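Any chance you could fold what I've pasted below:
(chains A and B)
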Amino acid sequence: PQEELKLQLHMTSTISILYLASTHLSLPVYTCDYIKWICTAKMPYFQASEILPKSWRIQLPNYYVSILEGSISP
DNA sequence: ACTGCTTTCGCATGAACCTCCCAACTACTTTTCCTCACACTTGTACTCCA
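Numbering: from 1, shown residues only, chains lettered A, B, ... in the order given. What follows is the structure:
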């Protein structure tokens, strides 16, 4: 319900839904072949809030823009 | 009586204040997000004691 929805999205989600598309396609890429392509600054997991939108940034509140960049690693 | 004691007055034109706020960079909060390992049971393992 839109009344107090509290949607559960994190940067751990956008890798997890990117891992499941790899096993339905039956790919040899894994979470060792994801954490080696994100912590080596290859696909934009880290620092995503700050450089990606460039026009949609400013009206987003402070705790929401905190979650969308690559804050920690999982 | 007479002084001091006033009072108008001027060659013609050109022109020649102060407190509070918005500063600047510090620091110490806000605005709700995500991420989970913790309490008592219960079921299942391999002992038991009569």
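
Please count neighbours and contacts with C-alpha atoms only from this point.
Will do.

residues near residue A:22, how many?
Residue crowding around residue A:22 was assessed by other CA atoms under 10 Å; the count is 13.

from what I can see it touches residue A:33, true?
No: shown here, residue A:22 and residue A:33 do not form a contact pair, counting by CA atoms under 8 Å, at 11.0 Å.

Close to DNA strand B: what parts of chain A are there?
A:6-13, A:62-64, A:67 (CA under 7 Å from any atom of the strand).

which residues of chain A fall in helices?
If DSSP state H is used as the criterion, the helices of chain A fall at A:11-24, A:32-35, A:62-68.

picking up where we left off before, which one of the residues of chain A next to DNA strand B has the most neighbours?
Neighbour counts for the residues of chain A next to DNA strand B peak at residue A:11, which has 18 neighbours (criterion: other CA under 10 Å).

re the thing from before, out of the helices of chain A, the one nearest residue A:45 is which?
Put simply, out of the helices of chain A the one that sits nearest residue A:45 is helix A:11-24, at 7.4 Å, with distance taken as CA to CA.

Contacts for the closest one next, please.
The set of residues external to helix A:11-24 that reach it, using CA atoms under 8 Å, 6 or more residues apart in numbering, is A:28-31, A:45, A:67-70, A:74.

Distance to residue A:57 for those - can I get that in CSV?
CSV is the format used below for the contacts of helix A:11-24 (distance: CA to CA, whole Å):
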residue, distance to residue A:57
A:28, 35
A:29, 32
A:30, 31
A:31, 29
A:45, 17
A:67, 13
A:68, 11
A:69, 12
A:70, 15
A:74, 24
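
right, and the pair among the residues you listed with maximum separation?
Comparing all pairs in these by CA to CA, the longest separation belongs to A:28 and A:67, at 29.3 Å.

tell me the centre residue of chain A?
Chain A has residue A:11 as the residue nearest its centroid, 3.3 Å off, counting by CA atoms, centre = their mean.
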